[PDB]
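Asks: Attaching a single structure in structure tokens format; questions to follow.
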Amino acid sequence: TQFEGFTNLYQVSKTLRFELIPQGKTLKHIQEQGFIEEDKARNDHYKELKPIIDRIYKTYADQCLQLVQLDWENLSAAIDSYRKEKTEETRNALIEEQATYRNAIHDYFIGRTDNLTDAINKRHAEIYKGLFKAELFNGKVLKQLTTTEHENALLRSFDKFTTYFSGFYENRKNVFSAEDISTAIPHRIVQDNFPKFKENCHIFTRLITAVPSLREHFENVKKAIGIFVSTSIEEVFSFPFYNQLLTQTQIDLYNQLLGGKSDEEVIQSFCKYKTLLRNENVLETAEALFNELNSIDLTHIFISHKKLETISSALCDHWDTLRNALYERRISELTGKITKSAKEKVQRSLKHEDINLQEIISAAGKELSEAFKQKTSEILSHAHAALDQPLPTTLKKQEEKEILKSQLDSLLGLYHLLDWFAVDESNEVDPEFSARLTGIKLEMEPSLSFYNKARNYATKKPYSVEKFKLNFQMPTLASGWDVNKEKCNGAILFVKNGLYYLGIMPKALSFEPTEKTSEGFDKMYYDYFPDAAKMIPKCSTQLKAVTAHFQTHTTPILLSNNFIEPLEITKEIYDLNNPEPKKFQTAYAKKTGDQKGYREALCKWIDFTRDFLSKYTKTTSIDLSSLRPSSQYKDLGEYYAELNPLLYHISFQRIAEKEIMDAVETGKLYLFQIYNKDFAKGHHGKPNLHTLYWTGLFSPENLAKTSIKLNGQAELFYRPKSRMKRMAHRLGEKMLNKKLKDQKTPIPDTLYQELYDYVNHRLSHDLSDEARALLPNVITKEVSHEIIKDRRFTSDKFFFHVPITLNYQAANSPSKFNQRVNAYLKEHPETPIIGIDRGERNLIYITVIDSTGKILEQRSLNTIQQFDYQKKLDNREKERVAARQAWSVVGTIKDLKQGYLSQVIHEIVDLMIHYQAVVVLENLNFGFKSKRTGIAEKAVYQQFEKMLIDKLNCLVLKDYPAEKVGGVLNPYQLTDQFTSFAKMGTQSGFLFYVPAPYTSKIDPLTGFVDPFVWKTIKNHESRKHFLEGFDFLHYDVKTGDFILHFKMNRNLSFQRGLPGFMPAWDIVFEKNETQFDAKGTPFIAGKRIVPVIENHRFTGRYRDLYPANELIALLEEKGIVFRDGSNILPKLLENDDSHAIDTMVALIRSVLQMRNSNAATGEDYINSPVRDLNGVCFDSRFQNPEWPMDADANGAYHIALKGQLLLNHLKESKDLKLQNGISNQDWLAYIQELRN
RNA sequence: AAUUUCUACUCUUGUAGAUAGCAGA
DNA sequence: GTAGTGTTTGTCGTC
DNA sequence: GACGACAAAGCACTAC
């Protein structure tokens, strides 16, 4: 079992796309008969007919909901018990109780409820059966419930084309489904409206009991409107009335008892909604509500737990402070011996409960109220200052786009503020406050969709990719390529001079083949026979005439209808097909074994099949002699696995050029050249993968032995043109490049446009200082030939979609792919490992490690195909965001990252095959990535991992030959088929996923990590404790380095809870000597880039810091003797100076900071604070090639080491299974012990 | 700035990589 | 008239 | 225990 043998494991289906160029006079014939216009109306009716069809669903669903009568007492008790006890047993009890009620509603739809009689119950089943297929159009379902002529004309527009509603059928199943999905009617009744109605009944009785006069007052409101005349006010707040609140008309009446495409379109609609906010005075109402909070009872104003951490980060130092302050005050009011169990109960309570505003203020201090007041007025003033600010006239200028976004940010800011308060009725909400808040919260609700609509309008491309499929009045066009079904599908293919053509017969063309010597096209003859397990009984035994004759009368028969010679069927072989489980099937093997009867039945069936294939019309000559004798086959399985591949075949027969060309002239054939930019006249270079798929499908070897099957169900399309502002490079102008002379640094976007206007003599202004300096370095080109910016959408285009099945000879689905991969990895201990980590100074960095741990190659992936993506392109695009912060610039970056990740896919698969390695990514469930990194978190990288699995699902390298494995005919199968993001584990074929955290902040030489969390210590007293835990600090005179001994069994409150190996450490203040690297460049050893500037501004600017030089400067000023090598900590503690004790902790902060990054001066290195067994401190500035070169190298190096940990456990464990993740402590113990 | 179309691009009337379509979020 | 044009079934695999 | 995968067997109804 070699690595190179991971081919032909399971089938992979892909769909190709091509542009059909009308050849000859086929364009005139199409327009003359108007297929395109008729098809345009049909897609443009797919919108007129949809509301008409919905009348059937709406009426039938409404009618079924009118008879629903249920007892909701059980559902209420399950809701109460879950709110009472928050245990997993009461949750599962509620989930089952909800599923029971959803099915009770579902049984009204399908007709399986005991509440209705059989006559009514069965009538619904006859409707629900044909409710999601072509029976909607019969009028039959509407006959159970009258069409107009225009509606009838709209129904017939989809004659032989109702598959256009394929996805729509699924959307309507989501409406009537009984599953726990929010698109469904049962879910809306059971899990959405009833908890609201159940809460309404509780709010009602509490008010009536406290204020009984409110009862007659509520009754007067109901009588004064006229709703629910036959129902009193107490009954509408009782459970039985909810059965009459299941239809929209009743829901509307219930709610009324409670309540009583273009540029100017975004301006007219927003200003209309904007001017509506003034008339409702929602700002004045909101400003009055937040002003009430200064005097009203704050123990009944609740903050949502889903927003508490967000509020903490917006009003306090960190997200932690609020949850922690509430934790300390609640522990402060526990009873008796406060165990660690009681503390964990307080922790879990704070995760899922709403906190009242008073408990927050009493726990956080008066400085939260000032933060709450300041943030509230800040948001309210911005929304108030935006409602009176008028919108611009157009969105032509970016300055006019900015003010539209600025006002939407103020509107979304107020909308964000209102969602701070808990909405659920589980809390004791204020009467007036909850009503006034919910009113303005729902009146600010449309502002969220207005933010998203406007952004998509500005970030959309100037094209119009919308398109409608072409049917040519044939419902089953391109459904199948077979010659027998050629007539009824009207789709064929050709080939001539290496150019592939598609032929369509519009509303017989008896093509007469000619010899190969005659010039012309080569028609593809497609012969297919789906499966012998189903075709042969259908065509031989289960014929209607044959079955009826044998059931009644017992004599045999010679079948001479559609057969080259009569075939024969005896009485017994029909009984073998239909016994009194089938005998030739594995019936005896499953139960009641009989070997003698089995083989006789098996051999009779197989010999029948061979005779039938010889006598059937089109299978009479398809290589039937290659079958191996019948009597010794084990079962039908290995026969059909051998018979089905032979049935599929493709042949090419020459057809005269005159016949095809004249056929197009007379209008009986619609030629269409398949064109995908790889058949152009100027094409010189390696082609697209899909072209190789298409070229390899018709290669002589593929027809000889099938590996890529040409599936049916192909589709055609037509894309109307959409040109708004055609811009092109006409002759006589100058085409400026987007890269400099070195061909790797892109020009900034704003500067390139200015230079393009200047070099072309169109800029009326003067080049800026930076623009002028860039002029001598840019290259210009004359317009040799005319170029159109996005020529694709300038004119109408046809499109052809065709599916292919790669690895057709393999199984349908993979069978234990991970087990096979693990088995190979077990027997090949020398396999290398590939790790990928997103760096801060570069997008992607990769390191490959051998079996025993040494690095074979560390590379930066920010320069792909002679183009720098991170250092220049993403950085200047990032610079644009800081300058503008508009919507369009945000869209460009997201598109660019996806384009970058496409390039990275090629390098991973290329490097993998060269090393035959397993690539270890980082799983996204665990950890979080810093904002300074180029690639976003879990947004674009999560899609990138899926694209890697899909690429390796069927991997082809376009340089590899077709015959050799790794090519188009025999693609690699290196990963299992993708199922879901959540379903995938730590291993998917040759891809391993490891936890991201603790991979960069680690010394590669020692495995050391910063053992202290710096968030814990703020106070002077904690600084005394922190520096007391350390054993001793002394100045080694011989080496000139301070040594700080630390023991992991101390300062447990300041650690992070991850001891690891190495019970004792020696943190050293290495001397600031001018060391030299491999290249000879000088640097100062021990240099640290620390960002500590202010208490609130700890990141604004970076400063050079030298721990050795600042420590000796501090000790000298304090007059603390250190040349003798004596302990320094006892002297500092007994000296008792606040400044020295404070500064020393910051120095310990600095030394422990391995990550040193400075964007301006271009340093990114890791300097270790501890020495390894050799007695040398790691410093990546030395550029040692056997250790990580840069900081981003360390992250990729340790991610690959984490994958090595999983692979090592694979080898040591007897079973072929992997641990479901690895703990942080285990990883720390592994790396620290390994380096010892 | 020309692409089945997506990104980036222009010695090269195109280059390099990706690309499972269809309907609905 | 009469066949040329223009929905249903076969065991599977998959669940 | 119902849903795809395909053709080819199965019924209408009329152009010829």
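Numbering starts fresh at 1 for the residues of each chain in the structure tokens, the chains themselves are lettered A, B, ... in the order given, and ligands are numbered from 1 as they appear.
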I'd like to know which residues of region 171-319 of chain A are alpha helix (DSSP H) (by DSSP, run on the backbone); could you write them as a PDB file with C-alpha atoms, in the first residue's frame?
Replies:
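What landed in selection06.pdb:
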ATOM      1  CA  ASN A 171     -38.832  25.592   0.228  1.00  0.00           C
ATOM      2  CA  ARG A 172     -42.492  24.567   0.488  1.00  0.00           C
ATOM      3  CA  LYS A 173     -41.630  21.319   2.265  1.00  0.00           C
ATOM      4  CA  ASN A 174     -39.845  23.530   4.804  1.00  0.00           C
ATOM      5  CA  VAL A 175     -43.199  25.238   5.437  1.00  0.00           C
ATOM      6  CA  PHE A 176     -45.181  22.083   6.275  1.00  0.00           C
ATOM      7  CA  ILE A 185     -45.766  26.208  10.448  1.00  0.00           C
ATOM      8  CA  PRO A 186     -45.731  23.645  13.317  1.00  0.00           C
ATOM      9  CA  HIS A 187     -42.565  25.224  14.735  1.00  0.00           C
ATOM     10  CA  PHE A 194     -47.382  29.735  22.251  1.00  0.00           C
ATOM     11  CA  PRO A 195     -44.566  30.778  24.652  1.00  0.00           C
ATOM     12  CA  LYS A 196     -45.595  34.335  23.774  1.00  0.00           C
ATOM     13  CA  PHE A 197     -49.281  33.550  24.315  1.00  0.00           C
ATOM     14  CA  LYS A 198     -48.505  31.574  27.481  1.00  0.00           C
ATOM     15  CA  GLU A 199     -46.555  34.561  28.816  1.00  0.00           C
ATOM     16  CA  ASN A 200     -49.452  36.875  27.914  1.00  0.00           C
ATOM     17  CA  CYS A 201     -51.801  34.849  30.124  1.00  0.00           C
ATOM     18  CA  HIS A 202     -49.379  35.149  33.050  1.00  0.00           C
ATOM     19  CA  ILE A 203     -48.949  38.908  32.579  1.00  0.00           C
ATOM     20  CA  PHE A 204     -52.741  39.238  32.455  1.00  0.00           C
ATOM     21  CA  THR A 205     -53.599  37.428  35.693  1.00  0.00           C
ATOM     22  CA  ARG A 206     -50.822  39.177  37.635  1.00  0.00           C
ATOM     23  CA  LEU A 207     -52.164  42.612  36.676  1.00  0.00           C
ATOM     24  CA  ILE A 208     -55.808  41.690  37.324  1.00  0.00           C
ATOM     25  CA  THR A 209     -54.988  40.275  40.763  1.00  0.00           C
ATOM     26  CA  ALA A 210     -53.027  43.356  41.855  1.00  0.00           C
ATOM     27  CA  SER A 213     -60.096  47.567  38.115  1.00  0.00           C
ATOM     28  CA  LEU A 214     -57.871  46.768  35.118  1.00  0.00           C
ATOM     29  CA  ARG A 215     -60.100  43.775  34.310  1.00  0.00           C
ATOM     30  CA  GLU A 216     -63.186  45.791  33.377  1.00  0.00           C
ATOM     31  CA  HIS A 217     -60.878  48.274  31.639  1.00  0.00           C
ATOM     32  CA  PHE A 218     -59.370  45.580  29.406  1.00  0.00           C
ATOM     33  CA  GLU A 219     -62.880  44.269  28.697  1.00  0.00           C
ATOM     34  CA  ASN A 220     -64.003  47.720  27.540  1.00  0.00           C
ATOM     35  CA  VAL A 221     -61.094  47.943  25.087  1.00  0.00           C
ATOM     36  CA  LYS A 222     -62.073  44.590  23.573  1.00  0.00           C
ATOM     37  CA  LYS A 223     -65.739  45.582  23.270  1.00  0.00           C
ATOM     38  CA  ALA A 224     -64.939  49.047  21.890  1.00  0.00           C
ATOM     39  CA  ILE A 225     -63.009  47.556  18.951  1.00  0.00           C
ATOM     40  CA  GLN A 248     -53.144  34.928  10.264  1.00  0.00           C
ATOM     41  CA  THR A 249     -56.552  36.629  10.385  1.00  0.00           C
ATOM     42  CA  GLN A 250     -56.902  35.563  14.022  1.00  0.00           C
ATOM     43  CA  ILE A 251     -53.276  36.448  14.791  1.00  0.00           C
ATOM     44  CA  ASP A 252     -53.809  39.872  13.205  1.00  0.00           C
ATOM     45  CA  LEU A 253     -56.963  40.475  15.252  1.00  0.00           C
ATOM     46  CA  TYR A 254     -55.112  39.358  18.386  1.00  0.00           C
ATOM     47  CA  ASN A 255     -52.208  41.711  17.647  1.00  0.00           C
ATOM     48  CA  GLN A 256     -54.611  44.584  16.933  1.00  0.00           C
ATOM     49  CA  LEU A 257     -56.304  44.037  20.292  1.00  0.00           C
ATOM     50  CA  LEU A 258     -52.839  44.643  21.765  1.00  0.00           C
ATOM     51  CA  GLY A 259     -51.772  47.403  19.379  1.00  0.00           C
ATOM     52  CA  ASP A 263     -28.972  54.879  -6.941  1.00  0.00           C
ATOM     53  CA  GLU A 264     -31.826  57.180  -5.896  1.00  0.00           C
ATOM     54  CA  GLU A 265     -33.891  54.259  -4.562  1.00  0.00           C
ATOM     55  CA  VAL A 266     -31.673  54.029  -1.479  1.00  0.00           C
ATOM     56  CA  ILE A 267     -31.940  57.793  -0.967  1.00  0.00           C
ATOM     57  CA  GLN A 268     -35.701  58.089  -1.486  1.00  0.00           C
ATOM     58  CA  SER A 269     -36.486  55.032   0.651  1.00  0.00           C
ATOM     59  CA  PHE A 270     -34.087  55.872   3.490  1.00  0.00           C
ATOM     60  CA  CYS A 271     -35.119  59.537   3.589  1.00  0.00           C
ATOM     61  CA  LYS A 272     -38.734  58.336   3.676  1.00  0.00           C
ATOM     62  CA  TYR A 273     -37.929  56.064   6.622  1.00  0.00           C
ATOM     63  CA  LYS A 274     -35.653  58.770   8.034  1.00  0.00           C
ATOM     64  CA  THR A 275     -38.377  61.433   7.931  1.00  0.00           C
ATOM     65  CA  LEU A 276     -40.711  58.897   9.572  1.00  0.00           C
ATOM     66  CA  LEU A 277     -38.456  58.791  12.646  1.00  0.00           C
ATOM     67  CA  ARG A 278     -38.997  62.519  13.229  1.00  0.00           C
ATOM     68  CA  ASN A 279     -42.800  62.313  13.135  1.00  0.00           C
ATOM     69  CA  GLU A 280     -42.868  59.368  15.551  1.00  0.00           C
ATOM     70  CA  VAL A 282     -38.492  58.013  18.466  1.00  0.00           C
ATOM     71  CA  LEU A 283     -35.372  59.958  19.462  1.00  0.00           C
ATOM     72  CA  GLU A 284     -37.301  62.022  22.015  1.00  0.00           C
ATOM     73  CA  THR A 285     -38.961  58.852  23.306  1.00  0.00           C
ATOM     74  CA  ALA A 286     -35.595  57.082  23.535  1.00  0.00           C
ATOM     75  CA  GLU A 287     -33.886  60.064  25.180  1.00  0.00           C
ATOM     76  CA  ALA A 288     -36.731  60.127  27.717  1.00  0.00           C
ATOM     77  CA  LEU A 289     -36.447  56.411  28.523  1.00  0.00           C
ATOM     78  CA  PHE A 290     -32.725  56.535  29.290  1.00  0.00           C
ATOM     79  CA  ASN A 291     -33.356  59.654  31.384  1.00  0.00           C
ATOM     80  CA  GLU A 292     -35.911  57.683  33.421  1.00  0.00           C
ATOM     81  CA  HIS A 305     -26.802  37.991  29.220  1.00  0.00           C
ATOM     82  CA  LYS A 306     -26.121  37.761  25.472  1.00  0.00           C
ATOM     83  CA  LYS A 307     -25.000  41.419  25.592  1.00  0.00           C
ATOM     84  CA  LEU A 308     -23.331  41.669  29.019  1.00  0.00           C
ATOM     85  CA  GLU A 309     -19.837  40.930  27.697  1.00  0.00           C
ATOM     86  CA  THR A 310     -20.295  43.387  24.823  1.00  0.00           C
ATOM     87  CA  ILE A 311     -21.404  46.100  27.262  1.00  0.00           C
ATOM     88  CA  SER A 312     -18.435  45.351  29.526  1.00  0.00           C
ATOM     89  CA  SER A 313     -16.010  45.864  26.636  1.00  0.00           C
ATOM     90  CA  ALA A 314     -17.727  49.099  25.554  1.00  0.00           C
ATOM     91  CA  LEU A 315     -17.943  50.729  29.001  1.00  0.00           C
TER      92      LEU A 315
END
Asks: Wanna dump the chain A-chain C contacts at 10 Å for me, each residue with its shortest atom pair and the distance in Å to one decimal, counting only C-alpha atoms (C1' of nucleotides), ordered by chain and number, as a tab-separated table?
Replies:
residue	atom	partner	partner_atom	distance
A:160	CA	C:6	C1'	9.6
A:474	CA	C:6	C1'	9.9
A:488	CA	C:6	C1'	8.3
A:531	CA	C:12	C1'	8.1
A:532	CA	C:11	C1'	8.7
A:533	CA	C:11	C1'	5.3
A:534	CA	C:10	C1'	4.2
A:535	CA	C:10	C1'	5.9
A:536	CA	C:10	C1'	7.8
A:537	CA	C:10	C1'	6.2
A:538	CA	C:10	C1'	4.8
A:539	CA	C:10	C1'	8.4
A:542	CA	C:10	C1'	7.9
A:543	CA	C:9	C1'	9.7
A:812	CA	C:13	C1'	8.3
A:813	CA	C:13	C1'	9.7
Asks: Those same residues - N, CA, C and O atoms - I'd like them written as a PDB file, in the first residue's frame.
Replies:
ATOM      1  N   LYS A 160     -43.608  20.667 -19.813  1.00  0.00           N
ATOM      2  CA  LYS A 160     -42.364  19.905 -19.934  1.00  0.00           C
ATOM      3  C   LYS A 160     -41.184  20.658 -19.323  1.00  0.00           C
ATOM      4  O   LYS A 160     -40.055  20.579 -19.815  1.00  0.00           O
ATOM      5  N   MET A 474     -38.441  22.164 -25.286  1.00  0.00           N
ATOM      6  CA  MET A 474     -38.250  20.751 -24.975  1.00  0.00           C
ATOM      7  C   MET A 474     -38.031  20.566 -23.481  1.00  0.00           C
ATOM      8  O   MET A 474     -36.975  20.951 -22.957  1.00  0.00           O
ATOM      9  N   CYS A 488     -35.619  12.535 -28.534  1.00  0.00           N
ATOM     10  CA  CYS A 488     -36.525  13.161 -27.580  1.00  0.00           C
ATOM     11  C   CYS A 488     -35.814  14.164 -26.681  1.00  0.00           C
ATOM     12  O   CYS A 488     -36.473  14.869 -25.908  1.00  0.00           O
ATOM     13  N   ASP A 531     -28.382   0.283 -15.376  1.00  0.00           N
ATOM     14  CA  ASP A 531     -27.920  -0.732 -14.438  1.00  0.00           C
ATOM     15  C   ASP A 531     -28.629  -2.041 -14.740  1.00  0.00           C
ATOM     16  O   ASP A 531     -29.838  -2.049 -14.987  1.00  0.00           O
ATOM     17  N   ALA A 532     -27.876  -3.142 -14.714  1.00  0.00           N
ATOM     18  CA  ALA A 532     -28.449  -4.436 -15.063  1.00  0.00           C
ATOM     19  C   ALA A 532     -29.395  -4.938 -13.979  1.00  0.00           C
ATOM     20  O   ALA A 532     -30.302  -5.731 -14.256  1.00  0.00           O
ATOM     21  N   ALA A 533     -29.198  -4.491 -12.736  1.00  0.00           N
ATOM     22  CA  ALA A 533     -30.077  -4.919 -11.652  1.00  0.00           C
ATOM     23  C   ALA A 533     -31.497  -4.405 -11.843  1.00  0.00           C
ATOM     24  O   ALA A 533     -32.434  -4.921 -11.225  1.00  0.00           O
ATOM     25  N   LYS A 534     -31.675  -3.394 -12.692  1.00  0.00           N
ATOM     26  CA  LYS A 534     -32.973  -2.783 -12.937  1.00  0.00           C
ATOM     27  C   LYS A 534     -33.401  -2.820 -14.396  1.00  0.00           C
ATOM     28  O   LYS A 534     -34.588  -2.997 -14.671  1.00  0.00           O
ATOM     29  N   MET A 535     -32.465  -2.658 -15.332  1.00  0.00           N
ATOM     30  CA  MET A 535     -32.810  -2.688 -16.752  1.00  0.00           C
ATOM     31  C   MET A 535     -33.273  -4.072 -17.191  1.00  0.00           C
ATOM     32  O   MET A 535     -34.323  -4.209 -17.829  1.00  0.00           O
ATOM     33  N   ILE A 536     -32.494  -5.109 -16.872  1.00  0.00           N
ATOM     34  CA  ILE A 536     -32.769  -6.438 -17.421  1.00  0.00           C
ATOM     35  C   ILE A 536     -34.133  -6.972 -16.998  1.00  0.00           C
ATOM     36  O   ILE A 536     -34.882  -7.445 -17.870  1.00  0.00           O
ATOM     37  N   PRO A 537     -34.520  -6.947 -15.715  1.00  0.00           N
ATOM     38  CA  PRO A 537     -35.888  -7.379 -15.384  1.00  0.00           C
ATOM     39  C   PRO A 537     -36.957  -6.528 -16.045  1.00  0.00           C
ATOM     40  O   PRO A 537     -38.023  -7.043 -16.405  1.00  0.00           O
ATOM     41  N   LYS A 538     -36.694  -5.231 -16.223  1.00  0.00           N
ATOM     42  CA  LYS A 538     -37.689  -4.344 -16.814  1.00  0.00           C
ATOM     43  C   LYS A 538     -37.915  -4.659 -18.288  1.00  0.00           C
ATOM     44  O   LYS A 538     -39.049  -4.592 -18.774  1.00  0.00           O
ATOM     45  N   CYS A 539     -36.854  -5.009 -19.010  1.00  0.00           N
ATOM     46  CA  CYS A 539     -36.946  -5.204 -20.451  1.00  0.00           C
ATOM     47  C   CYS A 539     -37.176  -6.652 -20.859  1.00  0.00           C
ATOM     48  O   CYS A 539     -37.562  -6.901 -22.006  1.00  0.00           O
ATOM     49  N   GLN A 542     -40.222  -8.483 -16.558  1.00  0.00           N
ATOM     50  CA  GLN A 542     -41.327  -7.706 -16.008  1.00  0.00           C
ATOM     51  C   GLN A 542     -42.048  -6.869 -17.059  1.00  0.00           C
ATOM     52  O   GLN A 542     -42.659  -5.847 -16.717  1.00  0.00           O
ATOM     53  N   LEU A 543     -41.990  -7.266 -18.328  1.00  0.00           N
ATOM     54  CA  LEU A 543     -42.856  -6.657 -19.328  1.00  0.00           C
ATOM     55  C   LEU A 543     -44.310  -6.955 -18.989  1.00  0.00           C
ATOM     56  O   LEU A 543     -44.635  -8.022 -18.461  1.00  0.00           O
ATOM     57  N   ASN A 812     -19.363   4.251  -5.104  1.00  0.00           N
ATOM     58  CA  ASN A 812     -20.174   5.462  -5.037  1.00  0.00           C
ATOM     59  C   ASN A 812     -19.737   6.363  -3.887  1.00  0.00           C
ATOM     60  O   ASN A 812     -19.626   7.582  -4.056  1.00  0.00           O
ATOM     61  N   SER A 813     -19.486   5.785  -2.718  1.00  0.00           N
ATOM     62  CA  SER A 813     -19.121   6.542  -1.534  1.00  0.00           C
ATOM     63  C   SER A 813     -17.886   5.934  -0.885  1.00  0.00           C
ATOM     64  O   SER A 813     -17.694   4.714  -0.929  1.00  0.00           O
TER      65      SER A 813
END
Asks: Name all residues at most 12 Å from region 898-905 of chain A (count only C-alpha atoms (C1' of nucleotides); drop same-chain ones fewer than 6 positions away) and give them as number ranges by chain.
Replies: A: 836, 838, 843-846, 860-870, 873-874, 891-892, 911-912, 919, 934-936, 939-952, 955, 957; B: 6-8, 16-19
Asks: Measure the distance from CA of residue 132 (chain A) to CA of residue 54 (chain A) in Å and round it to one decimal.
Replies: 11.7 Å
Asks: Would you mind listing what lies within 9 Å of residue 4 (chain B) as a PyMOL selection string, with only C-alpha atoms (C1' of nucleotides) counted and same-chain residues fewer than 5 positions away left out?
Replies: chain A and resi 16-19+675-677+799-801
Asks: Give me the residues within 12 Å of residue 302 (chain A) as a PyMOL selection string, counting only C-alpha atoms (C1' of nucleotides) and dropping any in the same chain fewer than 2 places off.
Replies: chain A and resi 293+297-300+304-308+353-361+418-430+433-434
Asks: For chain D against chain A, with a cut-off of 8 Å and counting only C-alpha atoms (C1' of nucleotides), what is the closest atom pair and its distance in Å to one decimal for every residue that makes the cut, ordered by chain and number, as JSON lines?
Replies:
{"residue": "D:5", "atom": "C1'", "partner": "A:530", "partner_atom": "CA", "distance": 7.3}
{"residue": "D:6", "atom": "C1'", "partner": "A:530", "partner_atom": "CA", "distance": 5.2}
{"residue": "D:7", "atom": "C1'", "partner": "A:530", "partner_atom": "CA", "distance": 6.3}
{"residue": "D:8", "atom": "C1'", "partner": "A:539", "partner_atom": "CA", "distance": 7.5}
{"residue": "D:9", "atom": "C1'", "partner": "A:539", "partner_atom": "CA", "distance": 7.0}
Asks: Identify, with DSSP run on backbone atoms, the residues in region 873-1022 of chain A assigned to strand (DSSP E or B), and express the list as a list in words.
Replies: residues 918, 919, 920, 921, 922, 923, 955, 972, 987, 988, 991, 992, 993, 994, 995 and 1012 of chain A
Asks: For the selection just defined, write its residues with N, CA, C and O atoms to a file, as a CSV table (one decimal), in the first residue's frame.
Replies:
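This is the output file selection_6.csv:
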chain,number,residue,atom,x,y,z
A,918,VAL,N,1.4,14.7,5.2
A,918,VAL,CA,0.1,15.0,5.7
A,918,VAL,C,0.1,16.4,6.2
A,918,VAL,O,0.9,16.8,7.0
A,919,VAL,N,-0.8,17.2,5.7
A,919,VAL,CA,-0.9,18.7,6.0
A,919,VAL,C,-1.7,18.9,7.2
A,919,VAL,O,-2.8,18.4,7.3
A,920,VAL,N,-1.1,19.6,8.2
A,920,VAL,CA,-1.8,19.8,9.5
A,920,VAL,C,-2.2,21.3,9.5
A,920,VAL,O,-1.4,22.2,9.7
A,921,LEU,N,-3.5,21.5,9.3
A,921,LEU,CA,-4.1,22.9,9.5
A,921,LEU,C,-4.3,23.2,10.9
A,921,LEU,O,-3.9,22.4,11.8
A,922,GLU,N,-5.0,24.2,11.2
A,922,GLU,CA,-5.5,24.6,12.6
A,922,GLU,C,-7.0,24.6,12.6
A,922,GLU,O,-7.6,25.3,11.8
A,923,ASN,N,-7.6,23.8,13.5
A,923,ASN,CA,-9.0,23.8,13.6
A,923,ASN,C,-9.5,25.1,14.2
A,923,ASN,O,-8.8,25.7,15.0
A,955,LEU,N,-8.0,15.3,-7.0
A,955,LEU,CA,-6.9,16.2,-7.2
A,955,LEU,C,-6.2,15.8,-8.5
A,955,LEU,O,-5.8,14.7,-8.7
A,972,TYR,N,-5.8,11.9,-7.7
A,972,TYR,CA,-5.5,11.5,-6.4
A,972,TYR,C,-6.8,11.6,-5.5
A,972,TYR,O,-7.7,12.4,-5.8
A,987,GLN,N,-9.3,14.9,11.9
A,987,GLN,CA,-8.7,14.2,10.7
A,987,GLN,C,-9.7,14.1,9.6
A,987,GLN,O,-10.8,13.6,9.8
A,988,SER,N,-9.3,14.5,8.4
A,988,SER,CA,-10.1,14.3,7.2
A,988,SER,C,-9.1,13.8,6.1
A,988,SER,O,-8.5,14.7,5.4
A,991,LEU,N,-5.5,15.3,6.0
A,991,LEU,CA,-5.5,16.6,6.6
A,991,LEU,C,-5.8,16.5,8.1
A,991,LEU,O,-6.8,15.8,8.5
A,992,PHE,N,-4.9,17.0,8.9
A,992,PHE,CA,-5.1,17.0,10.4
A,992,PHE,C,-5.3,18.4,10.9
A,992,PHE,O,-4.7,19.4,10.4
A,993,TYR,N,-6.2,18.5,11.9
A,993,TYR,CA,-6.5,19.8,12.5
A,993,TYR,C,-6.2,19.7,14.0
A,993,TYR,O,-6.5,18.8,14.7
A,994,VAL,N,-5.4,20.8,14.4
A,994,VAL,CA,-4.9,20.8,15.8
A,994,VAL,C,-5.3,22.2,16.4
A,994,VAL,O,-5.5,23.1,15.7
A,995,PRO,N,-5.4,22.2,17.7
A,995,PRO,CA,-5.8,23.5,18.4
A,995,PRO,C,-4.8,24.6,18.1
A,995,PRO,O,-3.6,24.4,18.2
A,1012,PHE,N,2.6,33.4,33.4
A,1012,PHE,CA,1.8,34.3,34.2
A,1012,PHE,C,0.8,35.0,33.3
A,1012,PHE,O,1.1,35.4,32.1
Asks: How far is it from CA of residue 990 (chain A) to CA of residue 975 (chain A), in Å with one decimal?
Replies: 5.7 Å
